[PDB]
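Encoded as structure tokens, the following chain is the form deposited in one PDB entry, with no partner shown.
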């Protein structure tokens, strides 16, 4: 494997990120308009679907710690928790809509979120995507899901965590898929093992689909369920880390 071999995959990855950003902008516009209209039931309905595009590219948003924090911090990232005036973004709005069943006071929060998402899109368009950052960032995202979000930390009021996880896994799987042509060369066995390990995690989430094809609230996963999911998601982190080395990226 040589650096030229990685150029096309990264170019396709940037298109994928750009497309998710376009979707995030459109969906965030509809979401923030519903909040600003005071349409709680509609903003609630759009919360997790809007966030999927963000969670699919989450490591990239992670590069702009203040943007990303602005867009997606949790209450416990703040001294006054939910009543901290520095609590903006999706989860500030989540608190109003789901915990308080109210849009009051959220119009300015929605304004800031729209602006931040537009600004994130702008910054990402100008980024060069080093392949070791793409693959290694995906590995870290898997470990973060397994080891830091497994208790439902992300969506403390809506409990829409499963939608976030699905999108995280989709985004990591896209990176695996883009690099498969390089990998099946000398390591078809490994490339198929990774596909199988992702399959296992996706099938694990499918246990918690509902009758109409949505997701259960995260509280429906037992402690056993969570421990087992965390182990299987760890295998994904391993896989992505090993893939980094197999792509020549450790020099």
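Shifts are known only where both forms have a C-alpha. Residue numbers count along the first chain shown, from 1. Take the two forms, superpose them, and find the largest set of C-alpha atoms that agree within 1.5 Å; that set is the rigid core.
Note that the form deposited in another entry isn't included here; everything after this is about it.
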Item checked: Core-fitted Cα difference of 2 Å or more between this form and the one not shown, single residue among 61, 201, 194, 35 -> 61
Notebook entry, point to check: Taking the rigid core as reference, does the Cα of residue 223 move 2 Å or more between this form and the one not shown?
Noted result: no
Check: Superposing on the rigid core, do we see a C-alpha displacement of 2 Å or more at residue 210 between this form and the one not shown?
Finding: yes
Checklist line | Residue pair residue 48, residue 62 - Cα distance in the other form, closer or farther (3 Å or more) | finding: farther
Next item on the list: Would you please work out which stretches of at least three consecutive shared residues show Cα displacements of 2 Å or more throughout between this form and the one not shown, after fitting on the rigid core?
Entry: 59 to 66, 210 to 214
